[PDB]
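Here's the structure we're looking at; comments come further down.
Values reported hereafter were calculated over all heavy atoms of this structure, with side chains retained and with hydrogens, waters and symmetry mates removed. Convention: sequence-line order gives letters A, B, ...; per-chain numbering from 1.
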Amino acid sequence: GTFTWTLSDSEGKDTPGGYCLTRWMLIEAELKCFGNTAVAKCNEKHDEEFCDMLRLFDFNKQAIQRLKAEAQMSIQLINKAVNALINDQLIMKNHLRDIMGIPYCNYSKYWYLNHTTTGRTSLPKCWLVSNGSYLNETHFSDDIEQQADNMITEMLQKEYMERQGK
Amino acid sequence: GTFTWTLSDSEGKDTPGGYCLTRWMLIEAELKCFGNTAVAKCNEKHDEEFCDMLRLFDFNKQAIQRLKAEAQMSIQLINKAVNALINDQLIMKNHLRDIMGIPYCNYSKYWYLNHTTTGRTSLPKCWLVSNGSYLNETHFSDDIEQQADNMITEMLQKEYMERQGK
Amino acid sequence: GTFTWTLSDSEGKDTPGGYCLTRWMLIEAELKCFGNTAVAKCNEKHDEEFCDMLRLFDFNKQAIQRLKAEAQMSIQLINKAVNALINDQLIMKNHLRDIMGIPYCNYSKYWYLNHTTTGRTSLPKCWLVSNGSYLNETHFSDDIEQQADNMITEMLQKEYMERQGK
Amino acid sequence: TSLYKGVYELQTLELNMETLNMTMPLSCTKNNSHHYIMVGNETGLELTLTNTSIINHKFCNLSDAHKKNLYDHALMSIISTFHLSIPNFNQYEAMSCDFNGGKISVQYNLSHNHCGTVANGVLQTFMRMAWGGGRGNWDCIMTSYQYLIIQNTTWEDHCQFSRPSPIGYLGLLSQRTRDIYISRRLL
Amino acid sequence: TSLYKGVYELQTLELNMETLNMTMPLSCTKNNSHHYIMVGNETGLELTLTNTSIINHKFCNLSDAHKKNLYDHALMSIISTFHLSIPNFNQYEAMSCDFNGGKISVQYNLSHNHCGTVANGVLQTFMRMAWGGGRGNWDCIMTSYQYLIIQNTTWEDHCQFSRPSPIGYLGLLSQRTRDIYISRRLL
Amino acid sequence: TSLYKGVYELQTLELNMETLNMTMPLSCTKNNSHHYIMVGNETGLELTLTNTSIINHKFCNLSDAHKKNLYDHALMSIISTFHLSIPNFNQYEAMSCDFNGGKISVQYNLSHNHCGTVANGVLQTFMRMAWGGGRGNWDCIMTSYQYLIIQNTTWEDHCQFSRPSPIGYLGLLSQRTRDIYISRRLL
Ligand SMILES: *[C@@H]1O[C@H](CO)[C@@H](O[C@@H]2O[C@H](CO)[C@@H](O[C@@H]3O[C@H](CO)[C@@H](O)[C@H](O[C@H]4O[C@H](CO)[C@@H](O)[C@H](O)[C@@H]4O)[C@@H]3O)[C@H](O)[C@H]2NC(C)=O)[C@H](O)[C@H]1NC(C)=O
Ligand SMILES: *[C@@H]1O[C@H](CO)[C@@H](O[C@@H]2O[C@H](CO)[C@@H](O[C@@H]3O[C@H](CO)[C@@H](O)[C@H](O[C@H]4O[C@H](CO)[C@@H](O)[C@H](O)[C@@H]4O)[C@@H]3O)[C@H](O)[C@H]2NC(C)=O)[C@H](O)[C@H]1NC(C)=O
Ligand SMILES: *[C@@H]1O[C@H](CO)[C@@H](O[C@@H]2O[C@H](CO)[C@@H](O[C@@H]3O[C@H](CO)[C@@H](O)[C@H](O[C@H]4O[C@H](CO)[C@@H](O)[C@H](O)[C@@H]4O)[C@@H]3O)[C@H](O)[C@H]2NC(C)=O)[C@H](O)[C@H]1NC(C)=O
Ligand SMILES: *[C@@H]1O[C@H](CO)[C@@H](O[C@@H]2O[C@H](CO)[C@@H](O[C@@H]3O[C@H](CO)[C@@H](O)[C@H](O)[C@@H]3O)[C@H](O)[C@H]2NC(C)=O)[C@H](O)[C@H]1NC(C)=O
Ligand SMILES: *[C@@H]1O[C@H](CO)[C@@H](O[C@@H]2O[C@H](CO)[C@@H](O[C@@H]3O[C@H](CO)[C@@H](O)[C@H](O)[C@@H]3O)[C@H](O)[C@H]2NC(C)=O)[C@H](O)[C@H]1NC(C)=O
Ligand SMILES: *[C@@H]1O[C@H](CO)[C@@H](O[C@@H]2O[C@H](CO)[C@@H](O[C@@H]3O[C@H](CO)[C@@H](O)[C@H](O)[C@@H]3O)[C@H](O)[C@H]2NC(C)=O)[C@H](O)[C@H]1NC(C)=O
Ligand SMILES: *[C@@H]1O[C@H](CO)[C@@H](O[C@@H]2O[C@H](CO)[C@@H](O[C@@H]3O[C@H](CO)[C@@H](O)[C@H](O)[C@@H]3O)[C@H](O)[C@H]2NC(C)=O)[C@H](O)[C@H]1NC(C)=O
Ligand SMILES: *[C@@H]1O[C@H](CO)[C@@H](O[C@@H]2O[C@H](CO)[C@@H](O[C@@H]3O[C@H](CO)[C@@H](O)[C@H](O)[C@@H]3O)[C@H](O)[C@H]2NC(C)=O)[C@H](O)[C@H]1NC(C)=O
Ligand SMILES: *[C@@H]1O[C@H](CO[C@@H]2O[C@@H](C)[C@@H](O)[C@@H](O)[C@@H]2O)[C@@H](O[C@@H]2O[C@H](CO)[C@@H](O)[C@H](O)[C@H]2NC(C)=O)[C@H](O)[C@H]1NC(C)=O
Ligand SMILES: *[C@@H]1O[C@H](CO[C@@H]2O[C@@H](C)[C@@H](O)[C@@H](O)[C@@H]2O)[C@@H](O[C@@H]2O[C@H](CO)[C@@H](O)[C@H](O)[C@H]2NC(C)=O)[C@H](O)[C@H]1NC(C)=O
Ligand SMILES: O=C(O)[C@H]1O[C@@H](O[C@@H]2[C@@H](O)[C@@H](O)OC[C@H]2O)[C@H](O)[C@@H](O[C@H]2OC[C@@H](O)[C@H](O)[C@H]2O)[C@@H]1O
Ligand SMILES: O=C(O)[C@H]1O[C@@H](O[C@@H]2[C@@H](O)[C@@H](O)OC[C@H]2O)[C@H](O)[C@@H](O[C@H]2OC[C@@H](O)[C@H](O)[C@H]2O)[C@@H]1O
Ligand SMILES: O=C(O)[C@H]1O[C@@H](O[C@@H]2[C@@H](O)[C@@H](O)OC[C@H]2O)[C@H](O)[C@@H](O[C@H]2OC[C@@H](O)[C@H](O)[C@H]2O)[C@@H]1O
Ligand SMILES: *[C@@H]1O[C@H](CO)[C@@H](O)[C@H](O)[C@H]1NC(C)=O
Ligand SMILES: *[C@@H]1O[C@H](CO)[C@@H](O)[C@H](O)[C@H]1NC(C)=O
Ligand SMILES: *[C@@H]1O[C@H](CO)[C@@H](O)[C@H](O)[C@H]1NC(C)=O
Ligand SMILES: *[C@@H]1O[C@H](CO)[C@@H](O)[C@H](O)[C@H]1NC(C)=O
Ligand SMILES: *[C@@H]1O[C@H](CO)[C@@H](O)[C@H](O)[C@H]1NC(C)=O
Ligand SMILES: *[C@@H]1O[C@H](CO)[C@@H](O)[C@H](O)[C@H]1NC(C)=O
Ligand SMILES: *[C@@H]1O[C@H](CO)[C@@H](O)[C@H](O)[C@H]1NC(C)=O
Ligand SMILES: *[C@@H]1O[C@H](CO)[C@@H](O)[C@H](O)[C@H]1NC(C)=O
Ligand SMILES: *[C@@H]1O[C@H](CO)[C@@H](O)[C@H](O)[C@H]1NC(C)=O
């Protein structure tokens, strides 16, 4: 089947329908809130590693808060929820890329663009690794350029439809 | 994988590409026909319980009509067709919501909006339960408002595109 | 889960982001290149048999090129990659159609439209079989007409958005 | 009577899933302890939580029963799915059976952290199969009953507490063998 | 030669799936009774419906074959998948095998409602594996043949009735263990 | 500091998977040979590739371990998943165990085409479970180590080479029983 977990409402009001990663969920120990536009892609895309990690973290928090946590772990719970939470085939694709010598995602690190003035960002994409090290930025700068193009085209189309409606 | 069953053509001509629930399929023993627009969402969406029940009922009818039915059951047939008909993860999500004390869908009851004048409707959504009873309407009236907004926006955009095409 | 295999870049420059079937992959032993528009549908659709065959052929080629091929077969490799490559429920759907006497796809033959002047085409769809023979064209001419209608509507909408942007 | 946006009347429907009886099993709940799964309009299985055991031996002669081939194949399939869905089952003496004459009788002994017990796994499977409506850590379940008994029965209007529904069985189909233990090196 | 909407020419293509031979098995049909699954360009399995049995004992010495480890691993994998895909198999004498010297010989005895029989399940699995193109209730299959024999073979042009295709094997991969019965309490 | 389209600043984040520790196991790699899977903050399994064996018998008394019911259920679940994920395992002598007192000790003998061997399957599963970063044909793996040893351990900061992550275990969950052989006709 397909994943189904709905993300819980973001604590931060800056992103009304987005999602926030607290200081504990990040290595840089800071808070990063992503807006509704980026988080909405997570409901329909099937190949976004970041949206699978978001679903994992959200499931973890909700389980810790609504169920009585004990030190002994209920392996059963994650065993039953896994396919409702993540696409295991995404994992298989990263494994296949790894064994063929193609750069692959190890779910650790993600990059995104930030439109400084406005604060909108893009949906983070996995920073690929190869030969035991992270790819240099110049090796995938084309994808970054593409993401910028997408953020432009989609914003322009929204403004067009707005102008039309008014 | 993903569900694949195509709904068979609606008997009622009022909804050319929609679907009709006969008197037997409903508790109120009446006929309810939904139009092509609402039923088309069932081909692309993955989290609509109602579209899974539609696929189940359609499979049942087609199996009874094209195969020689006998009282002894071919459990094997549904065993092989199940994942082609429904998303089992939707079921798992409702189970997880149940065990965490969150209101959940038990697939019995559905609500939808009806634009009286025209007869057009929205795709029915499951009526959630909590504490052994159906949720009171006031508890999810915000979702009803959201559905109404969606019905307005999509219609407006279609008229815009129409004006554009002409 | 859902399929994840990204198609490798097309050799032919005529279709920058499309895909090419070489003389070996086809019975008529010629080269057919499909454009980016048709091949892009394969990233989001779940019920296109042709896109599953494309993923199979691309996996075959990449495996033959990046792994040291030997005559003894690594059954395990395809066993693990299968669900990352194809929707097995599509297969189940065709089996169910077969046993119920409905015309079904046996993945051999596909038809598509060609806009002669420009050379742009539509995404090939499976030519169904029934009672051991291919369906006569007149039996599914409505679908061909529908495909033509779609190719018009979508092109006109793109032209509209273009006009809007300029 | 309940108008939204001025022009949208709120209307409802309820599906009669009972009509699916011929193509898929239908489960329902009579009360907290008693549940049923009917297969077609003729036969089915009643699952009861009870202090009163009906089997007082340690046998479950599944292979000989297969040899004789007198049971209902659909009911045996349902039994197999149920048992294969139990997480971490590792006490074979807790399960006893009687299959003589093609009958189906299965008895789980639930008598005794309470989470890593046969009682919890069996009760979770039972809760999932009917899904018709004490508390333990995480997803853990506990009851005061000593036995769960599964016996074949004829059709009767048993659905007093919840409507018949195929959802529980269909959902349990994916649970099969997901949490079984290895008992030898060559399966 | 067939023009639609005045500007759209209808054209066709047919895929040569034979080229997938090195990375996945390919099944094809010679006629109603005879089918083949080749693995690469050197070896494969021929499955024949026939009235002439080749095994006249009740043994299937799978564990000794595993210990000796002389067979082709891909063929053993395919045999395992086929057998694990049969629904409701419960008559172990109906299956006989010979594995001496690393060879593969498997014989299903189809002789005898007709739906709840080993013959029906075996025949449904056989229909699914090649999918190369009397009638029972629901999905039930019956033939007049007394045996289904599966033996290894070398590559040859066997595909007179249906083109080689990987679809059947891949589709059967998901059927594994889906309809197996429990034979003991602790798997 | 890197600016795209003159208005888009490139920024990064890295997730701390360690916080998932209470609801799913976390695997990590110390070096090429040593890997760990932690369950909660108190226990886990250490998997070591080594030339020094710790078991010198041919027993693996799984059923007695189950009946005594002294082991940690999560660890036994992980062990079962690992073993069921091995492709084409057909040499029961290659795996020995010790479960006395509820401890978990599992030893795979890797000594000896190298592809169709227990060593290859075991090593592929080991590489998949931690996924922490000789060469064979296709997906084939070979090492110079004679043993793979899996023993219970207490929590310690072992993740010097790779960060803790749940991805390997979750990925292996779907591999279970996918490539097992049939050992008898009635599973
Ligand atoms: C989803 O959840 C809802 C809400 O919890 C749940 O609805 C309940 O269904 C039961 C079963 O249908 C209803 O109980 C009925 O109530 C009345 C009054 O007691 C009677 O009509 C019924 O008894 C008669 O009918 C039965 C059915 O034929 C006979 O077996 C019996 O002998 C009697 O003739 C029955 O007790 C209950 O009222 C509702 N609750 C609400 C709030 O509406 C629904 O069943 C759940 N669905 C699923 C599929 O789980
Ligand atoms: C999908 O369904 C279609 C339609 O049912 C089906 O097409 C059929 O394929 C078979 C096998 O290729 C064709 O049979 C061939 O017909 C001619 C005339 O007899 C001969 O060329 C062939 O025999 C020669 O070639 C074979 C292949 O090399 C050799 O094995 C043989 O010794 C001969 O040299 C062969 O008999 C049949 O004509 C078509 N039918 C139609 C209507 O086109 C197709 O195979 C199905 N595909 C799958 C994957 O199931
Ligand atoms: C995804 O791939 C990347 C790139 O390969 C990989 O990043 C590597 O992670 C390891 C483990 O965190 C890093 O190694 C660390 O490096 C420094 C310098 O040696 C030290 O801080 C670390 O050792 C200390 O901390 C450890 C953890 O607490 C302790 O166990 C240890 O005793 C020390 O106190 C450690 O060696 C390595 O530098 C990076 N590599 C790069 C290029 O950044 C990442 O782990 C991969 N993620 C997954 C989930 O697989
Ligand atoms: C189990 O489900 C089956 C299939 O839906 C139900 O059988 C169906 O029952 C209905 C209602 O009685 C029948 O419809 C009626 O049929 C005739 C004309 O065919 C006539 O009396 C009425 O006009 C009405 O259409 C329907 O034919 C019948 N289907 C079959 C295949 O027999 C059955 O009622 C369900 N059982 C239970 C216990 O709910
Ligand atoms: C369901 O399981 C329970 C728990 O195992 C069974 O009760 C147990 O019965 C056994 C005998 O079969 C008792 O063991 C004996 O007890 C006394 C000493 O306590 C003595 O006679 C023997 O030395 C032996 O140890 C055991 O105590 C008892 N456990 C209880 C009561 O908690 C029960 O019989 C099972 N039900 C069925 C129907 O089999
Ligand atoms: C089984 O499948 C393999 C792999 O697809 C087939 O081998 C392939 O055969 C083609 C056609 O003969 C080879 O292409 C040719 O190769 C050389 C140059 O490399 C030259 O003769 C031609 O210009 C042409 O490109 C292809 O290389 C070869 N692939 C491999 C990996 O060896 C084989 O034909 C199939 N066998 C059967 C019985 O169908
Ligand atoms: C495939 O299975 C069939 C059906 O079971 C086998 O035929 C059966 O052969 C047995 C002996 O192995 C026959 O039983 C004996 O029959 C007579 C009385 O009918 C008598 O000699 C003994 O008391 C015993 O009951 C059985 O009748 C017969 N069934 C038939 C013919 O329908 C067949 O041998 C199997 N094929 C192979 C190759 O093993
Ligand atoms: C791990 O597996 C290896 C490989 O099987 C084991 O080494 C093998 O040990 C056996 C005895 O258990 C040796 O067989 C004997 O060898 C000589 C003649 O070569 C003679 O004493 C007997 O007739 C018998 O055949 C076998 O040669 C040897 N294989 C090697 C060294 O490659 C090893 O014992 C296993 N380790 C553990 C800890 O279980
Ligand atoms: C069914 O019986 C249980 C108790 O069974 C007895 O105690 C077991 C520990 C074991 O020794 C069995 O063989 C015995 O027959 C009843 O449980 C009681 O429930 C009440 C109410 O919840 C609770 O206050 C008591 O403490 C429980 N007693 C024990 C000993 O646990 C249970 O109520 C009985 N159920 C019915 C429906 O009668
Ligand atoms: C661990 O030992 C192996 C050798 O094991 C020996 O040979 C086996 C075939 C069997 O007979 C065992 O009982 C023996 O103890 C070491 O393998 C050597 O590795 C080096 C480096 O790669 C290589 O050059 C040698 O040819 C290998 N020798 C053989 C005989 O294969 C291996 O290195 C040892 N591992 C470590 C970490 O020290
Ligand atoms: O664990 C296994 O798969 C094999 O165990 C082997 O050793 C046995 C022990 O594990 C224990 O269960 O009981 C004592 C030992 O026999 C078995 O010998 C082996 O059984 C097969 O071996 C070949 C043949 O003699 C048997 O009939 C087979 O079942 C287990 O596969
Ligand atoms: O069904 C089971 O899993 C256990 O059955 C126990 O009882 C046997 C009966 O079920 C029947 O198969 O044959 C007669 C009885 O032996 C078995 O005793 C038990 O075997 C294990 O018990 C521990 C050890 O002695 C054995 O080697 C194990 O196989 C079954 O697990
Ligand atoms: O292969 C099987 O599933 C059955 O094999 C039957 O025949 C045995 C041979 O296969 C061989 O392993 O050893 C000689 C034969 O016994 C078994 O008899 C059967 O075991 C059941 O038989 C009845 C009872 O004694 C056993 O406990 C059952 O498990 C296998 O299922
Ligand atoms: C984007 O930039 C703004 C302005 O500097 C900053 O406040 C915000 O945190 C950034 N967004 C993210 C997700 O880091
Ligand atoms: C919506 O309202 C119209 C007008 O009253 C009615 O005829 C129609 O049946 C309603 N639609 C549904 C699906 O109930
Ligand atoms: C479409 O027609 C053009 C013009 O004849 C031709 O070159 C091209 O190959 C055709 N496309 C396909 C996919 O066959
Ligand atoms: C449930 O109903 C059964 C059947 O009438 C009855 O024996 C039992 O007492 C009831 N259980 C409860 C807990 O009320
Ligand atoms: C079940 O339905 C069948 C028709 O399919 C009918 O022959 C039979 O009498 C029914 N059984 C009962 C117990 O009502
Ligand atoms: C259970 O099945 C057996 C075997 O068909 C039958 O004789 C018996 O009557 C059934 N029991 C009930 C209570 O219906
Ligand atoms: C099918 O072909 C085989 C192999 O040539 C032949 O022995 C057999 O007679 C054929 N079967 C039928 C039913 O024609
Ligand atoms: C990996 O680390 C362990 C633990 O210290 C050590 O025993 C072993 O030698 C290391 N392996 C290598 C290859 O350095
Ligand atoms: C693990 O965490 C628990 C709280 O969840 C704490 O009480 C316990 O001391 C911790 N154990 C260790 C070994 O740090």
Value rounded to 0.5 Å, distance of [atom1] in [X] from [atom2] in [Y]:
X	Y	atom1	atom2	answer
B:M53	B:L21	CE	CG	9.5 Å
B:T6	C:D47	OG1	CG	7.0 Å
C:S122	C:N114	OG	CG	8.5 Å
C:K68	C:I64	NZ	CD1	14.0 Å

- Residue pair C:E48 / C:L123, side-chain heavy-atom distance below 4.5 Å: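 C:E48 vs C:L123: side chains touch.
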Which residues in [range] have any heavy atom closer than 4.5 Å to a heavy atom of chain C?
range	value
residues 28-46 of chain B	B:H46
residues 147-166 of chain B	B:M161, B:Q164, B:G165
residues 75-112 of chain B	B:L77, B:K80, B:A81, B:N83, B:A84

- Query: Between the side chains of C:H139 and C:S141, does any donor sit under 3.5 Å from an acceptor?
  - Reply: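 No - no donor-acceptor pair under 3.5 Å links their side chains.
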- Query: Are C:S8 and C:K61 linked by a side-chain donor-acceptor pair shorter than 3.5 Å?
  - Reply: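 Per modelled atom types, C:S8 and C:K61 side chains form no pair under 3.5 Å.
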- Query: Hey, is B:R55 close enough to B:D58 for a salt bridge, meaning N to O under 4.0 Å?
  - Reply: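 No, B:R55 and B:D58 are not salt-bridged.
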- Judged by atom type as modelled, is there a donor-acceptor pair below 3.5 Å linking the side chain of B:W127 to the main-chain atoms of B:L135?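 Pair found, side chain donor or acceptor close to backbone of B:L135.
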- Which of residues 9-19 of chain C have a heavy atom under 4.5 Å from any heavy atom of chain B?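 The residues closer than 4.5 Å to chain B amount to none at all.
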- Task: Might you work through the side-chain contact (heavy atoms from CB on, under 4.5 Å) test for B:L113 and B:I144, ending with a clear yes or no?
- Result: CA-CA 8 Å; B:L113 298 171; B:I144 306 160; 3.6 Å; yes
